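What follows is a single structure, written as structure tokens, with notes after it.
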Amino acid sequence: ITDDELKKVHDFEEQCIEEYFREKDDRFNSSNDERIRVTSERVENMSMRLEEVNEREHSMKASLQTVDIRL
Amino acid sequence: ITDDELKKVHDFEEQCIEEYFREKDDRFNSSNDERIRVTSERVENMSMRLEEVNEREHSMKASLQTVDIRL
Amino acid sequence: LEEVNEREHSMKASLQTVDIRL
Amino acid sequence: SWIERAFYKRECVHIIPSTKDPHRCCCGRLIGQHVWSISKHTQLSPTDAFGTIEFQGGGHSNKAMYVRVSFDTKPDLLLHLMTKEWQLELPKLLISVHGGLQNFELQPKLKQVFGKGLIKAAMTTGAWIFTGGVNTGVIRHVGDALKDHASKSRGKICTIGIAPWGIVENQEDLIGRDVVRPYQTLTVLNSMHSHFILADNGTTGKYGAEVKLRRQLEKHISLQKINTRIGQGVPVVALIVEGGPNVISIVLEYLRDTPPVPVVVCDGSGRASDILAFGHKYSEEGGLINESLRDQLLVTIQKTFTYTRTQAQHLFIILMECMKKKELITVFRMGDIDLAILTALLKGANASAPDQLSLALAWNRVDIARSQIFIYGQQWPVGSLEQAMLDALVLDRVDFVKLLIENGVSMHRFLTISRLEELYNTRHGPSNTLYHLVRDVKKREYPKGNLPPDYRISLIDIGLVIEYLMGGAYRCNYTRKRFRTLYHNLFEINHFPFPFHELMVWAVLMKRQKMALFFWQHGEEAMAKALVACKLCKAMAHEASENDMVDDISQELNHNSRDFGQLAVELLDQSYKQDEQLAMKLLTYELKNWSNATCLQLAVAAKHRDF
Amino acid sequence: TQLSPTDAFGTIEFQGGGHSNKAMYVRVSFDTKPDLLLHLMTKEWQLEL
Amino acid sequence: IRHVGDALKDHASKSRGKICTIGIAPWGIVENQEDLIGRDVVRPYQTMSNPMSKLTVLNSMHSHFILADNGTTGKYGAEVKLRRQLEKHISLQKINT
């Protein structure tokens with residue numbers, strides 16, 4: 001085939017490569033196991049936060065009780 | 001074998017024991033069964049502590065309205 | 001929830017500043 | 001015997017001033033327990049407390065050396081002590097952790113991440129941790145981190161402890177001359193440390209006997225040149241966890257120093273580290289702090305430390321004098337210890353950004369280089385990125401290769417004949433069977449024999465290797481008359497029109513599977529490259545099995561061949577799903593870069609049954 | 001300034017910068033009529049309205 | 001336009017589509033003007049930008065270019081009129097409904 005046909009098949013194999021790797025990424029991301037992994041890691045980060053939030057809320061409630069006692 | 005060929009054999013045996021036990025912990029922790037478990041109790045203490053932080057906030061907003069009315 | 005924690009820091013610092021004014 | 005003959009000690013012989021308690025003297029010891037010159041009148045004598053400490057109890061048994069030195073000794077003899085007597089090599093990096101002397105507890109994941117980073121950075125650079133010695137506060141957290149290190153990993157971190165001699169418990173238990181003394185588990189010394197620089201000023205149960213000696217020792221080691229011999233000393237981090245009033249002035253002394261010592265604090269521990277955090281986010285342009293945040297800082301200093309208005313005023317003045325050098329201060333706010341020392345080494349070197357990129361190449365840290373070295377506003381010399389490209393291939397830094405391609409480096413403008421030749425004669429990276437292959441093809445071509453050790457393996461010899469490995473009627477572009485004419489006339493004409501094919505070949509011949517998988521995605525003729533790589537990996541597997549080499553090499557080469565065949569099969573599946581006729585033309589078009597062959601012929605010659 | 005036929009048009013192969021993308025291009029005069037430029041992009045560049 | 005190209009970086013990294021993102025720039029202000037000289041020929045371009053040079057490179061990840069020359073180099077204003085009468089001409093065209 002000719003040079004233009006070489007250019008067209010050279011584009012075609014690039015859509016094949018990008019399609020393959022990024023469908024592999026969508027398969028890995030939509031699987032059960034990676035979903036469970038990333039959900040668990042975010043649950044750990046949120047529980048560490050929820051804990052710090054409850055500590056700061058207790059401190060803010062004590063400060064509000066002091067402000068109510070003052071006024 | 002030789003007594004010196006022993007120390008090197010013995011530390012190699014501690015290498016294999018330490019590798020086997022903590023890879024066994026890694027296959028147990030990365031299994032599908034264990035990750036579904038560890039999410040669930042860590043949702044229980046979130047739920048108790050967030051109902052706790054909603055009740056703590058409820059007293060705080062009542063104190064905020066009381067402070068504004070007093071001023 | 002991160003948006004909650006960022007704005008609760010601002011509200012707590014403002015409450016401490018108002019208590020210092022009192 | 002050299003330790004007693006070189007290092008001195010001082011002992012409390014005074015007029016016994018009672019002050020408050022009649023038993024407690026100026027040195028705090030008991031009045032009948034006796035046996036600087038101001039009010040203590042201390043005398044100098046050779047030491048009798050040095051040797052080895054066997055830590056009985058407290059988990060793992062660890063032998064930690066110790067010596068009792070006077071507080072006014074010059075650091076040069078102490079440096080000679082560490083370099084000669086305990087057989088400790090010169091470090092690439094120093095650690096200096098300070099904090100509050102009182103005991104405390106932090107967040108659990110903060111402690112875990114702090115400990116894991118403080119162990120791991122100490123392994124990867126081989127640095128020396130400098131603590132406060134005794135098992136109080138932050139140093140107890142270093143001890144727990146080193147306990148986790150002993151329980152999980154295998155390094156021996158040099159974790160030098162500097163404590164006053166007067167405050168350690170069971171002083172009579174550590175009296176000997178090169179004698180192993182058991183120690184049971186005034187405060188206890190930390191169990192998981194490595195050596196001790198216990199300094200006696202004569203007083204007992206009092207601090208301040210170690211700060212000046214540690215400062216002078218850190219300065220003296222920072223004047224020492226690193227083994228790279230480029231014109232720089234070893235870098236020093238200033239690690240702060242929490243701390244009190246004194247660490248504010250320690251931070252001020254480290255910032256107002258020549259050369260400057262960068263300081264990183266952490267968050268979550270509280271007290272002084274939290275007020276550096278509150279000053280750092282609420283700063284604007286350094287010392288230009290507005291009126292609301294100055295009195296917010298004043299009320300938090302007067303509340304957290306419980307000091308007066310004027311004491312908070314001097315602490316805010318010292319805080320502003322510290323902040324005036326803002327750029328050396330960085331905060332790890334939650335939501336680590338590694339990034340702290342890596343950043344501090346980068347700005348303690350104070351060199352150009354090629355040196356930072358080469359140091360991140362040495363540490364194998366793509367994320368650190370991406371976040372810091374390749375941020376917006378970084379000036380780059382011409383030709384330094386190409387040298388970093390070469391240095392990042394000779395070593396299997398695919399991630400750094402991916403980073404450098406994403407940040408402007410092009411393969412067409414970089415890959416030359418001489419650069420690919422220098423890639424083919426590298427000695428770094430993993431082992432390969434290429435030398436046996438070129439030895440066999442030079443034995444077959446000129447029946448000599450074993451190649452010389454100082455042999456430059458030319459690309460013509462590489463082309464002959466692709467000839468012996470492909471088989472059949474193959475004819476590589478290296479062995480053709482055009483390339484031999486250019487090689488004779490030269491050793492954009494020397495640039496390769498299709499560089500990723502040559503990168504495939506160099507990644508396959510030297511058994512670097514990760515760069516081969518990366519170079520399969522970038523560039524073109526992926527089906528041809530995958531089938532050629534499958535045939536090549538199968539043929540080096542057969543050649544390694546033929547020449548009685550290691551069987552694991554043959555198994556891994558067969559695994560690489562099967563991976564490339566699976567890649568070719570799944571690429572064929574995707575081409576069949578997209579367009580049938582264009583897949584037929586992909587399967588039959590003549591391959592000018594692969595000896596005028598066909599993808600179908602290459603699949604058959606690779607014996608690829610699934611294709 | 002003098003008027004002349006163009007010498008800079010075609011396709012640009014973006015080397016480096018991560019992903020490889022081809023972007024077609026043309027150098028035009030600033031006083032050209034927009035109907036001619038639309039006929040270029042619909043017909044020559046094969047882009048629907 | 002750098003933020004738009006960074007948006008197209010994420011778009012090419014997780015989504016299958018080809019966004020038509022025709023950019024209009026002055027011809028005289030783009031770096032390496034001699035690199036883009038040809039007639040229906042594929043010309044390679046360098047995404048590297050020299051910080052010393054005042055001229056800026058094109059965005060690496062646009063789809064089409066309407067680089068307009070008023071004759072001058074290194075100055076703007078050669079594309080604001082051309083983009084505006086083009087956009088008026090697009091909106092004059094009827095939609096397919």
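Each chain of the structure tokens is named A, B, ... in the order shown, its residues numbered from 1; ligands are numbered from 1 in display order.
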Compile the contact shell of residue C:16 as a list in words: residues with an atom at most 12 Å away, counting only C-alpha atoms, same-chain residues fewer than 2 positions apart removed.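 The filter keeps residues 59, 60, 61, 62, 63, 64, 66 and 67 of chain A; 9, 10, 11, 12, 13, 14, 18, 19, 20, 21 and 22 of chain C; 292, 293, 295, 296, 297, 298, 299, 300 and 303 of chain D.
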Could you take the residues named above and write them with N, CA and C atoms, as a PDB file, in the first residue's frame?
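This is the output file out_22.pdb:
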```pdb
ATOM      1  N   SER A  59     -14.860  20.520  72.005  1.00  0.00           N
ATOM      2  CA  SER A  59     -14.184  21.751  72.424  1.00  0.00           C
ATOM      3  C   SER A  59     -15.028  22.991  72.126  1.00  0.00           C
ATOM      4  N   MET A  60     -15.682  23.019  70.959  1.00  0.00           N
ATOM      5  CA  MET A  60     -16.535  24.149  70.600  1.00  0.00           C
ATOM      6  C   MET A  60     -17.774  24.222  71.487  1.00  0.00           C
ATOM      7  N   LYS A  61     -18.319  23.067  71.883  1.00  0.00           N
ATOM      8  CA  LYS A  61     -19.456  23.050  72.799  1.00  0.00           C
ATOM      9  C   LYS A  61     -19.062  23.545  74.185  1.00  0.00           C
ATOM     10  N   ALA A  62     -17.856  23.191  74.645  1.00  0.00           N
ATOM     11  CA  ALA A  62     -17.355  23.730  75.910  1.00  0.00           C
ATOM     12  C   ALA A  62     -17.162  25.243  75.836  1.00  0.00           C
ATOM     13  N   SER A  63     -16.640  25.737  74.706  1.00  0.00           N
ATOM     14  CA  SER A  63     -16.471  27.180  74.527  1.00  0.00           C
ATOM     15  C   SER A  63     -17.816  27.901  74.469  1.00  0.00           C
ATOM     16  N   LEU A  64     -18.814  27.287  73.827  1.00  0.00           N
ATOM     17  CA  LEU A  64     -20.149  27.876  73.778  1.00  0.00           C
ATOM     18  C   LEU A  64     -20.819  27.872  75.147  1.00  0.00           C
ATOM     19  N   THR A  66     -19.124  28.130  77.975  1.00  0.00           N
ATOM     20  CA  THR A  66     -18.440  29.224  78.665  1.00  0.00           C
ATOM     21  C   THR A  66     -18.981  30.585  78.235  1.00  0.00           C
ATOM     22  N   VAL A  67     -19.275  30.746  76.941  1.00  0.00           N
ATOM     23  CA  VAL A  67     -19.824  32.003  76.439  1.00  0.00           C
ATOM     24  C   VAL A  67     -21.235  32.232  76.969  1.00  0.00           C
TER      25      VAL A  67
ATOM     26  N   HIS C   9     -13.239  24.931  61.183  1.00  0.00           N
ATOM     27  CA  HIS C   9     -12.026  25.581  61.672  1.00  0.00           C
ATOM     28  C   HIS C   9     -12.159  27.098  61.649  1.00  0.00           C
ATOM     29  N   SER C  10     -12.766  27.636  60.589  1.00  0.00           N
ATOM     30  CA  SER C  10     -12.973  29.078  60.502  1.00  0.00           C
ATOM     31  C   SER C  10     -13.966  29.559  61.552  1.00  0.00           C
ATOM     32  N   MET C  11     -15.009  28.766  61.812  1.00  0.00           N
ATOM     33  CA  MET C  11     -16.019  29.162  62.787  1.00  0.00           C
ATOM     34  C   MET C  11     -15.490  29.067  64.213  1.00  0.00           C
ATOM     35  N   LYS C  12     -14.621  28.089  64.486  1.00  0.00           N
ATOM     36  CA  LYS C  12     -14.052  27.953  65.824  1.00  0.00           C
ATOM     37  C   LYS C  12     -13.043  29.056  66.114  1.00  0.00           C
ATOM     38  N   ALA C  13     -12.243  29.430  65.111  1.00  0.00           N
ATOM     39  CA  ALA C  13     -11.299  30.532  65.272  1.00  0.00           C
ATOM     40  C   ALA C  13     -12.024  31.861  65.441  1.00  0.00           C
ATOM     41  N   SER C  14     -13.142  32.039  64.732  1.00  0.00           N
ATOM     42  CA  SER C  14     -13.946  33.247  64.892  1.00  0.00           C
ATOM     43  C   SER C  14     -14.607  33.297  66.265  1.00  0.00           C
ATOM     44  N   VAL C  18     -14.028  36.140  69.151  1.00  0.00           N
ATOM     45  CA  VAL C  18     -15.131  36.865  69.775  1.00  0.00           C
ATOM     46  C   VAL C  18     -15.090  36.717  71.290  1.00  0.00           C
ATOM     47  N   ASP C  19     -14.646  35.560  71.786  1.00  0.00           N
ATOM     48  CA  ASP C  19     -14.490  35.373  73.226  1.00  0.00           C
ATOM     49  C   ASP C  19     -13.345  36.212  73.779  1.00  0.00           C
ATOM     50  N   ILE C  20     -12.291  36.416  72.983  1.00  0.00           N
ATOM     51  CA  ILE C  20     -11.206  37.307  73.381  1.00  0.00           C
ATOM     52  C   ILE C  20     -11.676  38.756  73.403  1.00  0.00           C
ATOM     53  N   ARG C  21     -12.615  39.114  72.520  1.00  0.00           N
ATOM     54  CA  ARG C  21     -13.193  40.456  72.540  1.00  0.00           C
ATOM     55  C   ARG C  21     -14.013  40.687  73.805  1.00  0.00           C
ATOM     56  N   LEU C  22     -14.653  39.641  74.317  1.00  0.00           N
ATOM     57  CA  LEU C  22     -15.422  39.742  75.551  1.00  0.00           C
ATOM     58  C   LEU C  22     -14.502  39.790  76.766  1.00  0.00           C
TER      59      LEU C  22
ATOM     60  N   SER D 292      -5.708  41.010  63.050  1.00  0.00           N
ATOM     61  CA  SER D 292      -6.529  39.981  63.681  1.00  0.00           C
ATOM     62  C   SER D 292      -5.721  38.719  63.959  1.00  0.00           C
ATOM     63  N   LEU D 293      -4.831  38.349  63.046  1.00  0.00           N
ATOM     64  CA  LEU D 293      -4.105  37.106  63.249  1.00  0.00           C
ATOM     65  C   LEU D 293      -2.957  37.253  64.237  1.00  0.00           C
ATOM     66  N   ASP D 295      -3.225  38.927  67.147  1.00  0.00           N
ATOM     67  CA  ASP D 295      -3.755  38.705  68.484  1.00  0.00           C
ATOM     68  C   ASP D 295      -4.437  37.350  68.608  1.00  0.00           C
ATOM     69  N   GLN D 296      -4.835  36.730  67.487  1.00  0.00           N
ATOM     70  CA  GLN D 296      -5.191  35.313  67.527  1.00  0.00           C
ATOM     71  C   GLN D 296      -3.991  34.455  67.921  1.00  0.00           C
ATOM     72  N   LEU D 297      -2.816  34.749  67.348  1.00  0.00           N
ATOM     73  CA  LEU D 297      -1.595  34.049  67.732  1.00  0.00           C
ATOM     74  C   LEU D 297      -1.219  34.334  69.182  1.00  0.00           C
ATOM     75  N   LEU D 298      -1.404  35.582  69.632  1.00  0.00           N
ATOM     76  CA  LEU D 298      -1.102  35.937  71.017  1.00  0.00           C
ATOM     77  C   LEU D 298      -2.009  35.209  72.006  1.00  0.00           C
ATOM     78  N   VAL D 299      -3.311  35.118  71.711  1.00  0.00           N
ATOM     79  CA  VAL D 299      -4.209  34.454  72.653  1.00  0.00           C
ATOM     80  C   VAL D 299      -4.004  32.939  72.621  1.00  0.00           C
ATOM     81  N   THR D 300      -3.625  32.366  71.471  1.00  0.00           N
ATOM     82  CA  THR D 300      -3.343  30.932  71.465  1.00  0.00           C
ATOM     83  C   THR D 300      -2.016  30.607  72.145  1.00  0.00           C
ATOM     84  N   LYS D 303      -2.837  30.886  75.830  1.00  0.00           N
ATOM     85  CA  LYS D 303      -3.755  29.849  76.287  1.00  0.00           C
ATOM     86  C   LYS D 303      -3.114  28.465  76.292  1.00  0.00           C
TER      87      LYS D 303
END
```
Secondary structure check, helix (DSSP H, G or I) residues of stretch 133-202 of chain D, as number ranges by chain: D: 138-152, 171-174
Could the residues in this selection be written to a file with C-alpha atoms, as a compact mmCIF listing (two decimals), in the first residue's frame?
```txt
# COMPACT_ATOMS: atom_id res chain seq x y z
CA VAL D 138 9.19 12.64 71.17
CA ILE D 139 12.21 10.35 71.74
CA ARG D 140 9.81 7.71 73.10
CA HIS D 141 7.98 7.95 69.77
CA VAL D 142 11.31 7.43 67.96
CA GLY D 143 11.79 4.40 70.20
CA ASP D 144 8.37 3.03 69.25
CA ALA D 145 9.15 3.68 65.57
CA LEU D 146 12.45 1.81 65.90
CA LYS D 147 10.62 -1.00 67.71
CA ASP D 148 8.26 -1.27 64.73
CA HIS D 149 11.37 -1.20 62.51
CA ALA D 150 12.88 -4.10 64.44
CA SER D 151 9.55 -5.94 64.30
CA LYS D 152 8.91 -5.47 60.57
CA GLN D 171 24.15 5.86 86.80
CA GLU D 172 26.15 3.26 88.75
CA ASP D 173 24.84 0.56 86.39
CA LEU D 174 26.75 2.17 83.49
```
As a list in words, please: the residues near residue A:44 (cut-off 12 Å, only C-alpha atoms, same-chain neighbours under 2 positions excluded).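 Residues meeting the cut-off are residues 37, 38, 39, 40, 41, 42, 46, 47, 48, 49, 50 and 51 of chain A; 35, 38, 39, 40, 41, 42, 43, 45 and 46 of chain B; 109 and 335 of chain D.
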I'd like the interatomic distance between atom CA of residue E:48 and atom CA of residue D:581, to a tenth of an Å.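 Interatomic distance, atom CA of residue E:48 to atom CA of residue D:581: 25.6 Å.
Our summary of the geometry notes that atom CA of residue E:18 is positioned 5.9 Å from atom CA of residue D:405.
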As a ChimeraX atom specification, please: the residues near residue E:22 (cut-off 9 Å, only C-alpha atoms, same-chain neighbours under 4 positions excluded). /E:11-14 /F:42,60-64
Write out, as an mmCIF file, in the first residue's frame, the residues just selected, with N, CA and C atoms.
```
data_model
loop_
_atom_site.group_PDB
_atom_site.id
_atom_site.type_symbol
_atom_site.label_atom_id
_atom_site.label_comp_id
_atom_site.auth_asym_id
_atom_site.auth_seq_id
_atom_site.Cartn_x
_atom_site.Cartn_y
_atom_site.Cartn_z
ATOM 1 N N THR E 11 -0.886 19.684 8.901
ATOM 2 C CA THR E 11 -1.108 18.975 10.153
ATOM 3 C C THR E 11 0.122 19.144 11.035
ATOM 4 N N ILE E 12 -0.095 19.246 12.344
ATOM 5 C CA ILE E 12 0.974 19.426 13.319
ATOM 6 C C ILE E 12 1.041 18.166 14.172
ATOM 7 N N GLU E 13 2.219 17.549 14.232
ATOM 8 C CA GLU E 13 2.463 16.394 15.087
ATOM 9 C C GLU E 13 3.113 16.889 16.374
ATOM 10 N N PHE E 14 2.361 16.861 17.469
ATOM 11 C CA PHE E 14 2.836 17.403 18.740
ATOM 12 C C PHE E 14 3.748 16.387 19.409
ATOM 13 N N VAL F 42 2.882 17.053 7.201
ATOM 14 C CA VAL F 42 2.896 16.901 8.652
ATOM 15 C C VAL F 42 4.207 17.457 9.194
ATOM 16 N N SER F 60 -0.683 22.052 23.298
ATOM 17 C CA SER F 60 -0.306 20.775 22.704
ATOM 18 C C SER F 60 -1.515 19.944 22.301
ATOM 19 N N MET F 61 -2.688 20.254 22.836
ATOM 20 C CA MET F 61 -3.802 19.321 22.786
ATOM 21 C C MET F 61 -5.097 20.016 22.375
ATOM 22 N N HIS F 62 -4.997 20.905 21.397
ATOM 23 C CA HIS F 62 -6.157 21.443 20.704
ATOM 24 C C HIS F 62 -6.394 20.624 19.444
ATOM 25 N N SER F 63 -7.536 20.852 18.801
ATOM 26 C CA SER F 63 -7.873 20.055 17.626
ATOM 27 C C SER F 63 -7.578 20.767 16.313
ATOM 28 N N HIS F 64 -7.887 22.058 16.204
ATOM 29 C CA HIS F 64 -7.660 22.803 14.974
ATOM 30 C C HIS F 64 -7.210 24.217 15.310
#
```
Using only C-alpha atoms, which chain F residues lie at most 9 Å away from chain D, written as a list in words? residues 46, 47, 48, 49, 50 and 51 of chain F
Residues from last step as file, C-alpha atoms, as a PDB file, in the first residue's frame:
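again_21.pdb, freshly written:
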```pdb
ATOM      1  CA  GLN F  46       8.095  20.999  20.170  1.00  0.00           C
ATOM      2  CA  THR F  47       5.996  21.410  23.309  1.00  0.00           C
ATOM      3  CA  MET F  48       9.021  22.835  25.145  1.00  0.00           C
ATOM      4  CA  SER F  49       8.818  26.587  25.744  1.00  0.00           C
ATOM      5  CA  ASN F  50      11.887  28.717  26.403  1.00  0.00           C
ATOM      6  CA  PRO F  51      11.279  31.012  29.416  1.00  0.00           C
TER       7      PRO F  51
END
```
Distance filter 10 Å, only C-alpha atoms, chain D against chain A, as a PDB file with N, CA and C atoms, in the first residue's frame:
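Output (iface-v8.pdb):
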```pdb
ATOM      1  N   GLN D 107      -2.142  11.631  67.713  1.00  0.00           N
ATOM      2  CA  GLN D 107      -3.083  10.831  66.950  1.00  0.00           C
ATOM      3  C   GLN D 107      -2.414   9.521  66.532  1.00  0.00           C
ATOM      4  N   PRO D 108      -3.183   8.430  66.422  1.00  0.00           N
ATOM      5  CA  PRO D 108      -2.545   7.134  66.132  1.00  0.00           C
ATOM      6  C   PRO D 108      -2.015   7.007  64.713  1.00  0.00           C
ATOM      7  N   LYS D 109      -2.758   7.468  63.709  1.00  0.00           N
ATOM      8  CA  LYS D 109      -2.262   7.416  62.339  1.00  0.00           C
ATOM      9  C   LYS D 109      -1.192   8.464  62.081  1.00  0.00           C
ATOM     10  N   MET D 334      -2.007  17.292  58.452  1.00  0.00           N
ATOM     11  CA  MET D 334      -2.604  15.979  58.258  1.00  0.00           C
ATOM     12  C   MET D 334      -3.792  16.058  57.304  1.00  0.00           C
ATOM     13  N   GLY D 335      -3.852  15.112  56.372  1.00  0.00           N
ATOM     14  CA  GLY D 335      -4.917  15.080  55.387  1.00  0.00           C
ATOM     15  C   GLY D 335      -4.455  15.453  53.993  1.00  0.00           C
ATOM     16  N   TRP D 520       6.086  -0.045  24.304  1.00  0.00           N
ATOM     17  CA  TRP D 520       5.133  -0.636  23.378  1.00  0.00           C
ATOM     18  C   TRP D 520       3.940   0.285  23.170  1.00  0.00           C
ATOM     19  N   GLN D 521       3.563   1.033  24.209  1.00  0.00           N
ATOM     20  CA  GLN D 521       2.441   1.956  24.100  1.00  0.00           C
ATOM     21  C   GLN D 521       2.809   3.188  23.281  1.00  0.00           C
ATOM     22  N   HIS D 522       3.998   3.738  23.505  1.00  0.00           N
ATOM     23  CA  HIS D 522       4.442   4.940  22.813  1.00  0.00           C
ATOM     24  C   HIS D 522       5.194   4.557  21.548  1.00  0.00           C
ATOM     25  N   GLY D 523       4.961   5.304  20.479  1.00  0.00           N
ATOM     26  CA  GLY D 523       5.495   4.920  19.191  1.00  0.00           C
ATOM     27  C   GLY D 523       4.529   4.040  18.444  1.00  0.00           C
ATOM     28  N   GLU D 524       4.974   3.555  17.291  1.00  0.00           N
ATOM     29  CA  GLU D 524       4.056   2.869  16.403  1.00  0.00           C
ATOM     30  C   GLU D 524       4.683   1.557  15.913  1.00  0.00           C
ATOM     31  N   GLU D 525       3.871   0.769  15.186  1.00  0.00           N
ATOM     32  CA  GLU D 525       4.045  -0.611  14.750  1.00  0.00           C
ATOM     33  C   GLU D 525       4.079  -1.477  15.992  1.00  0.00           C
ATOM     34  N   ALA D 526       3.010  -1.378  16.785  1.00  0.00           N
ATOM     35  CA  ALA D 526       2.925  -2.113  18.039  1.00  0.00           C
ATOM     36  C   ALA D 526       2.752  -3.606  17.803  1.00  0.00           C
ATOM     37  N   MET D 527       2.004  -3.991  16.765  1.00  0.00           N
ATOM     38  CA  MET D 527       1.846  -5.407  16.445  1.00  0.00           C
ATOM     39  C   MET D 527       3.171  -6.022  16.011  1.00  0.00           C
ATOM     40  N   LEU D 567      -0.277  -9.641  24.486  1.00  0.00           N
ATOM     41  CA  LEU D 567      -0.494  -8.270  24.030  1.00  0.00           C
ATOM     42  C   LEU D 567      -0.844  -8.228  22.549  1.00  0.00           C
ATOM     43  N   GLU D 570      -4.481  -9.579  22.111  1.00  0.00           N
ATOM     44  CA  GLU D 570      -5.517  -8.641  22.527  1.00  0.00           C
ATOM     45  C   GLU D 570      -5.556  -7.399  21.636  1.00  0.00           C
ATOM     46  N   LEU D 571      -4.409  -6.994  21.079  1.00  0.00           N
ATOM     47  CA  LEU D 571      -4.407  -5.948  20.061  1.00  0.00           C
ATOM     48  C   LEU D 571      -5.116  -6.402  18.790  1.00  0.00           C
ATOM     49  N   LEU D 572      -4.933  -7.671  18.407  1.00  0.00           N
ATOM     50  CA  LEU D 572      -5.660  -8.223  17.267  1.00  0.00           C
ATOM     51  C   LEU D 572      -7.159  -8.263  17.533  1.00  0.00           C
ATOM     52  N   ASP D 573      -7.547  -8.576  18.774  1.00  0.00           N
ATOM     53  CA  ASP D 573      -8.957  -8.559  19.156  1.00  0.00           C
ATOM     54  C   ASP D 573      -9.549  -7.161  19.039  1.00  0.00           C
ATOM     55  N   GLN D 574      -8.813  -6.146  19.500  1.00  0.00           N
ATOM     56  CA  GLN D 574      -9.315  -4.777  19.409  1.00  0.00           C
ATOM     57  C   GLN D 574      -9.395  -4.301  17.960  1.00  0.00           C
ATOM     58  N   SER D 575      -8.408  -4.676  17.137  1.00  0.00           N
ATOM     59  CA  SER D 575      -8.454  -4.339  15.717  1.00  0.00           C
ATOM     60  C   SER D 575      -9.606  -5.034  15.006  1.00  0.00           C
ATOM     61  N   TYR D 576      -9.926  -6.270  15.396  1.00  0.00           N
ATOM     62  CA  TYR D 576     -11.077  -6.948  14.811  1.00  0.00           C
ATOM     63  C   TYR D 576     -12.391  -6.320  15.258  1.00  0.00           C
ATOM     64  N   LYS D 577     -12.465  -5.843  16.505  1.00  0.00           N
ATOM     65  CA  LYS D 577     -13.687  -5.181  16.956  1.00  0.00           C
ATOM     66  C   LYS D 577     -13.894  -3.827  16.287  1.00  0.00           C
ATOM     67  N   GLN D 578     -12.819  -3.083  16.015  1.00  0.00           N
ATOM     68  CA  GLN D 578     -12.992  -1.759  15.421  1.00  0.00           C
ATOM     69  C   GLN D 578     -13.367  -1.844  13.943  1.00  0.00           C
ATOM     70  N   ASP D 579     -12.477  -2.389  13.119  1.00  0.00           N
ATOM     71  CA  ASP D 579     -12.696  -2.465  11.677  1.00  0.00           C
ATOM     72  C   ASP D 579     -12.018  -3.718  11.154  1.00  0.00           C
ATOM     73  N   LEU D 582      -9.432  -2.864   7.907  1.00  0.00           N
ATOM     74  CA  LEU D 582      -8.213  -2.211   8.364  1.00  0.00           C
ATOM     75  C   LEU D 582      -7.362  -3.151   9.209  1.00  0.00           C
ATOM     76  N   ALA D 583      -7.988  -4.114   9.890  1.00  0.00           N
ATOM     77  CA  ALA D 583      -7.218  -5.139  10.588  1.00  0.00           C
ATOM     78  C   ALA D 583      -6.530  -6.081   9.606  1.00  0.00           C
ATOM     79  N   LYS D 585      -5.490  -5.191   6.586  1.00  0.00           N
ATOM     80  CA  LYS D 585      -4.373  -4.401   6.076  1.00  0.00           C
ATOM     81  C   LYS D 585      -3.274  -4.218   7.118  1.00  0.00           C
ATOM     82  N   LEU D 586      -3.628  -4.173   8.406  1.00  0.00           N
ATOM     83  CA  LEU D 586      -2.620  -4.219   9.462  1.00  0.00           C
ATOM     84  C   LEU D 586      -1.874  -5.544   9.449  1.00  0.00           C
ATOM     85  N   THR D 588      -1.326  -7.526   6.864  1.00  0.00           N
ATOM     86  CA  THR D 588      -0.600  -7.874   5.644  1.00  0.00           C
ATOM     87  C   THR D 588       0.332  -6.810   5.076  1.00  0.00           C
ATOM     88  N   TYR D 589       0.354  -5.588   5.603  1.00  0.00           N
ATOM     89  CA  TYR D 589       1.182  -4.556   4.988  1.00  0.00           C
ATOM     90  C   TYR D 589       2.660  -4.796   5.277  1.00  0.00           C
ATOM     91  N   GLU D 590       3.500  -4.473   4.296  1.00  0.00           N
ATOM     92  CA  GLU D 590       4.919  -4.797   4.352  1.00  0.00           C
ATOM     93  C   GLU D 590       5.646  -3.872   5.321  1.00  0.00           C
TER      94      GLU D 590
END
```
Counting only C-alpha atoms, what is within 7 Å of stretch 4-18 of chain F, bar same-chain residues fewer than 2 positions away, as a short mmCIF file (atom, residue, chain, number, x, y, z; two decimals) with N, CA and C atoms, in the first residue's frame?
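The file below, part-v3.cif, is the result:
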```cif
data_model
loop_
_atom_site.label_atom_id
_atom_site.label_comp_id
_atom_site.auth_asym_id
_atom_site.auth_seq_id
_atom_site.Cartn_x
_atom_site.Cartn_y
_atom_site.Cartn_z
N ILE F 1 -6.32 29.45 28.47
CA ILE F 1 -6.18 28.40 27.47
C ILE F 1 -5.29 27.27 27.99
N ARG F 2 -4.37 27.59 28.91
CA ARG F 2 -3.60 26.55 29.58
C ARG F 2 -4.49 25.71 30.49
N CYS F 20 -13.91 18.97 19.85
CA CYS F 20 -13.51 19.94 18.84
C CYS F 20 -13.27 21.28 19.54
N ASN F 59 -0.85 25.44 22.35
CA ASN F 59 -1.31 24.39 23.25
C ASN F 59 -1.19 23.04 22.56
N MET F 61 -2.69 20.25 22.84
CA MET F 61 -3.80 19.32 22.79
C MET F 61 -5.10 20.02 22.38
#
```
